[PDB]
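A single chain comes next, written as structure tokens; it is the form deposited in one PDB entry.
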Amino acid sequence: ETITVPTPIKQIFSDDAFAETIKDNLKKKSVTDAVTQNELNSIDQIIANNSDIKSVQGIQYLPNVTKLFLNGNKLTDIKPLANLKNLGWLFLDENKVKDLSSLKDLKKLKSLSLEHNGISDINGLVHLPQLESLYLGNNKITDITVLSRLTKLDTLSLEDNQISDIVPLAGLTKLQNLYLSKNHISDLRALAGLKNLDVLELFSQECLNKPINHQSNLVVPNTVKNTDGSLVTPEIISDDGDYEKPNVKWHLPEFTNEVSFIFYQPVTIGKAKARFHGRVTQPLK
């Protein structure tokens, strides 16, 4: 893809903010200055975080860009990135990107960061099996099915999301750094085969059960399971409850909003030592 003649920067890059970025990058003196495709070929790096950018329309004509640092902007549509075949590092933290469908020819992309975009659907990752690093913290991700296809990742961050099923990760045995803290994980069984782990984080899990009826002798089953499949005994129980394996029981003579319990168990997988820690809360009606 190539511009048909020397064209003013203003007319290639429709976003005022991104046009200025290119102008400064090319060391031109005005957004009306015409640029040749040769000058657009010479750009290999765009560092433009917190620059008020709403659109990267025009970037299609930058074949050779290898790095894109675009954190803290306002990008919603990444379609113009589709055909940047030489891009290796892409940072889009704190943007509004909610769709990765259009990343289906970034076959040299090794590092992707999409933290804090409010993303839930990550299925477009199926097009990037060569990824070595993927940062997805602070998003609204429930379904990590597609990550099973990302078998070359060594670093994967999924912290502070809405995940409870981590079975999709069982075949990612090249993983060395896995961040899973602040999710809804109560079952560690499927992480048992990740024997190359050096760093694992598993703290502050929160599990909010579906409501049950209040009653004097309240019984709630424990379903917190270790990697070996055995139940994790609660550490602390609210409202003077106690543990009658496999259930947690309370005497509640008066009505209460909610009951809960904390679990905390040290864990080892391969060379990585972690703390499987969290809270299960049971609303009453």
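Residue indices: 1-based, along the sequence shown. If you superpose the two forms and keep the largest set of C-alpha atoms that fall within 1.5 Å, you have the rigid core. Only residues modelled in both forms are compared.
From this point on, the text means the form deposited in another entry, which you will not see here.
Engineer: Cα of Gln265 displaced 2 Å or more between this form and the one not shown, core superposed?
Structural biologist: Where the cores coincide, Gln265 shows only a C-alpha shift between this form and the one not shown that is less than 2 Å.
Engineer: Under a superposition restricted to the rigid core, does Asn226 display a Cα displacement of 2 angstroms or more between this form and the one not shown?
Structural biologist: No; that C-alpha moves by less than 2 Å between this form and the one not shown.
Engineer: Suppose the core is superposed; which segments, at least 3 residues long, show C-alpha displacements of 2 Å or more throughout between this form and the one not shown?
Structural biologist: Run with every C-alpha shifted by at least 2 Å: 1 to 63, nothing else.
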